[PDB]
Amino acid sequence: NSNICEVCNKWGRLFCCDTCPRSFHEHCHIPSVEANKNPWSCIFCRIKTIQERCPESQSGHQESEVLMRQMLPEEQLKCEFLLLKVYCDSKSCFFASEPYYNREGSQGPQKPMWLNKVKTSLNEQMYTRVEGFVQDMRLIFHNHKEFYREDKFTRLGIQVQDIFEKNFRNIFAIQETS
Ligand SMILES: [Zn+2]
Ligand SMILES: [Zn+2]
Ligand SMILES: [Zn+2]
């Protein structure tokens, strides 16, 4: 197995996947690495199994249909993986914890949102459809863009949203378009 966490790229107290060479900090993996279970399979492996069991699940889908899906176990998993793929980028640090807003010429968002809040919401089964999860994720980046206005820091929101959107299109097999 790898000797660094797949998500944050640091060493430490790592749990190793049994079916692939990735490793994780306990709370870096989503869901948090499970207490027992030998063997243990990571979320990457669990997602690959879904695909392998239903190869047609990789055919193109419309985003509008994906968003209306109820959060049954497979969609829960897919949203957990999508969240993890965002944490995998180091620029996620900016959006992880609860933000605060005191900048001359700007007013904070009406509905603040952050990664750790989304993480808690998934853990607590608060989303009933994929749409809930995707709306809160997109709100993170939209709040950022609106607040930071012409400051060049706005670009961090564009960058991490792009990671989100690419991974959303891949994990939910969104039909490719120009
Ligand atoms: Zn880690
Ligand atoms: Zn694995
Ligand atoms: Zn099948």
Side-chain angles (χ1 to χ4, degrees), residues 2-15 17 20 22-34 42-47 63 66-67 69 71 75-174:
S2 181
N3 308 332
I4 55 170
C5 180
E6 186 80 356
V7 185
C8 73
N9 299 106
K10 298 291 193 285
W11 182 71
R13 181 55 195 115
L14 301 173
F15 303 84
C17 181
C20 81
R22 302 174 171 93
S23 311
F24 306 82
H25 299 103
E26 175 164 12
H27 300 308
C28 282
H29 196 270
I30 309 182
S32 293
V33 168
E34 299 74 7
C42 79
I43 190 153
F44 295 79
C45 283
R46 296 170 67 188
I47 290 287
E63 178 173 316
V66 167
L67 296 185
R69 298 179 189 164
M71 290 283 262
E75 303 317 301
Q76 179 74 36
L77 196 72
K78 283 175 167 211
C79 292
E80 291 165 344
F81 187 50
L82 176 50
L83 183 56
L84 176 135
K85 283 294 193 146
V86 174
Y87 283 104
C88 287
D89 197 282
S90 65
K91 294 163 179 279
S92 74
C93 70
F94 295 111
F95 297 106
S97 72
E98 187 173 1
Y100 62 83
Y101 298 97
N102 196 1
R103 184 199 189 239
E104 176 179 341
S106 284
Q107 270 290 333
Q110 306 291 314
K111 188 177 166 179
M113 193 47 62
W114 60 98
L115 300 170
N116 294 348
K117 185 176 172 67
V118 180
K119 183 181 279 204
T120 293
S121 298
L122 272 174
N123 174 243
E124 289 181 4
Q125 300 159 303
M126 301 291 291
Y127 300 111
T128 62
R129 290 173 196 271
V130 172
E131 184 177 51
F133 166 80
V134 168
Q135 281 173 338
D136 276 353
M137 294 293 286
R138 295 172 163 165
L139 182 62
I140 300 171
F141 312 114
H142 194 257
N143 283 351
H144 176 98
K145 288 167 72 172
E146 295 302 300
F147 180 72
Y148 291 104
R149 306 285 202 112
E150 313 303 281
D151 193 294
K152 64 193 173 170
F153 192 60
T154 59
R155 183 160 170 263
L156 269 293
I158 293 169
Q159 293 175 322
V160 180
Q161 180 148 24
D162 195 44
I163 299 295
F164 175 74
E165 299 294 343
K166 285 182 189 275
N167 281 278
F168 173 68
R169 292 189 302 272
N170 176 262
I171 290 167
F172 289 96
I174 297 293

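Side chains included, hydrogens not; waters and symmetry mates left out as well; all remaining heavy atoms used. Along the sequence shown, residues carry numbers from 1.
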- Query: Can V134 and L67 be said to form a side-chain contact (heavy atoms from CB on, under 4.5 Å), step by step?
  - Reply: CA-CA 8 Å; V134 168; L67 296 185; 3.7 Å; yes
Measuring from [X]:[atom1] to [Y]:[atom2], what's the distance to the nearest 0.5 Å?
X    : Y    : atom1 : atom2 : result
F44  : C17  : CZ    : SG    : 10.0 Å
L77  : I47  : CG    : CD1   : 4.0 Å
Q107 : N102 : CD    : CG    : 9.0 Å
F168 : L82  : CZ    : CG    : 7.5 Å
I30  : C42  : CD1   : SG    : 12.5 Å

Side chains of [X] and [Y]: closer than 4.5 Å at any heavy-atom pair?
X    : Y    : answer
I140 : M113 : yes
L84  : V7   : yes
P31  : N123 : no
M126 : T120 : no

Over all heavy atoms of both residues, which pair between [X] and [Y] is shortest? Give the atoms and the distance, please.
X   : Y    : result
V66 : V130 : O-CB, 3.5 Å
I43 : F81  : CD1-N, 3.5 Å
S92 : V86  : CB-O, 3.2 Å

- Keeping to residues at least two apart or across chains, list the ring-ring contact (aromatic ring centres under 6.0 Å, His included) pairs with something in residues 100-121. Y101-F147
Between side-chain atoms of residues 152-164 and protein atoms elsewhere (two or more places apart, or another chain), which donor-acceptor pairs fall under 3.5 Å?
from, atom 1, to, atom 2, distance (Å)
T154, OG1, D151, O, 3.0
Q159, OE1, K91, NZ, 2.9
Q161, NE2, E165, OE2, 3.0

Could you work out, with ring-ring contact (aromatic ring centres under 6.0 Å, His included) as the rule, every residue matching [X], not counting sequence neighbours?
X    : answer
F24  : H29
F141 : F95
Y87  : none

- Query: Does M137 offer a backbone N or O that forms a donor-acceptor pair with the side chain of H142 under 3.5 Å?
  - Reply: no
Who are the side-chain hydrogen bond (donor to acceptor under 3.5 Å, both in side chains) partners of [X], not counting sequence neighbours?
X    : answer
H27  : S32
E63  : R138
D136 : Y127

- Item | For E6, salt bridge (charged side-chain N to carboxylate O under 4.0 Å, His left out) partners two or more places apart | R22
- Item | Residue pairs involving residues 114-130 (criterion salt bridge (charged side-chain N to carboxylate O under 4.0 Å, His left out); sequence neighbours excluded) | none
- Task: Could you check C79 against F172 for side-chain contact (heavy atoms from CB on, under 4.5 Å), going step by step and ending with a plain yes or no?
- Result: CA-CA 9 Å; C79 292; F172 289 96; 4.0 Å; yes
- Message: Test: side chain to side chain donor-acceptor pair (under 3.5 Å). Region: residues 75-86. Which pairs qualify, not counting sequence neighbours?
- Response: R69-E75, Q76-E80
- side chain to side chain contact (heavy atoms under 4.5 Å, CB included) against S2, all qualifying residues, sequence neighbours excluded: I4, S23
